[PDB]
Amino acid sequence: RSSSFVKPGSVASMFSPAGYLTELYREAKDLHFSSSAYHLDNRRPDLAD
Amino acid sequence: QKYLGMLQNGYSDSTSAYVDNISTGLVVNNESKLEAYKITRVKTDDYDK
Amino acid sequence: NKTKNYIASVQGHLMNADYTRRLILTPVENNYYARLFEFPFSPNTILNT
Amino acid sequence: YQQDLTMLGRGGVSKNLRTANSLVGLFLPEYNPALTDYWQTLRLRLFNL
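Rendered as structure tokens:
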């Protein structure tokens with residue numbers, strides 16, 4: 001792992017848009033309770049997959 | 001990789017195996033012969049959804 | 001080591017821990033059958049033994 | 001991952017050493033774009049010369 005560097009523009013990069021997307025979903029997932037229709041996984045159930 | 005694709009050498013369990021070909025050497029386990037095989041795929045009817 | 005009849009190797013990184021790694025000494029290279037020494041890396045996933 | 005990093009910061013226990021690559025959903029380090037820019041420029045300068 002410590003030697004498996006990737007070129008910029010690869011999805012596997014920790015600084016890639018996928019990494020940014022993971023951080024956004026990780027923190028914004030619980031901004032609402034599951035009871036609310038405003039919950040992220042309720043309004044858009046496809047995002048989790 | 002345009003000729004040989006990906007070599008089967010024990011990647012992670014999903015990882016796919018086509019770029020867009022798969023190949024590896026396989027010593028046939030009924031005898032002592034060592035074969036090299038190659039499979040190529042042409043995506044068909046809505047593979048991308 | 002001449003006084004104790006040892007061969008000591010040193011390495012910096014490995015490219016994959018799921019690959020079997022031995023140590024080959026060969027006067028020719030390119031040819032696995034021309035070797036004069038071969039040792040399995042004792043625990044694998046190891047350098048400097 | 002954070003538990004492993006915390007233990008690693010003081011100890012170094014590697015019971016069941018290899019971490020079973022199928023046990024990864026983490027991102028990978030990315031090359032330095034400043035260093036790759038030096039190589040790209042040097043390649044371009046040598047080509048023109």
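Chains as they are written, first to last, in the working numbering: chain A, 1 to 49; chain B, 1 to 49; chain C, 1 to 49; chain D, 1 to 49.
Each residue gets a CB set at the ideal place from its N, CA and C atoms; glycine is no exception.
Beta-bridge partners of residue i, as assigned by DSSP
i      : result
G25(B) : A36(B)
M6(B)  : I22(B)
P40(C) : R22(C)
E30(D) : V6(A)
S13(A) : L28(D)
8 angstroms Cβ cutoff met for residue i and residue j
i      : j      : result
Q11(C) : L47(C) : yes
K29(A) : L21(A) : no
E35(B) : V28(B) : yes
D18(C) : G10(B) : yes
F5(A)  : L28(D) : yes
Boundaries (first-last residue) of the beta strand (DSSP E) holding residue i
i      : result
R22(C) : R22 to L25
Buried versus exposed, by CB contacts within 10 Å (16 or more), residue i
i      : result
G5(B)  : buried
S35(A) : exposed
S32(B) : exposed
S13(A) : buried
Extent of the continuous alpha helix (DSSP H) to which residue i belongs
i      : result
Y20(A) : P17 to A28
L5(D)  : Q2 to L8
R1(A)  : No alpha helix (DSSP H) contains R1(A), which DSSP labels as neither H nor E.
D41(A) : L40 to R43
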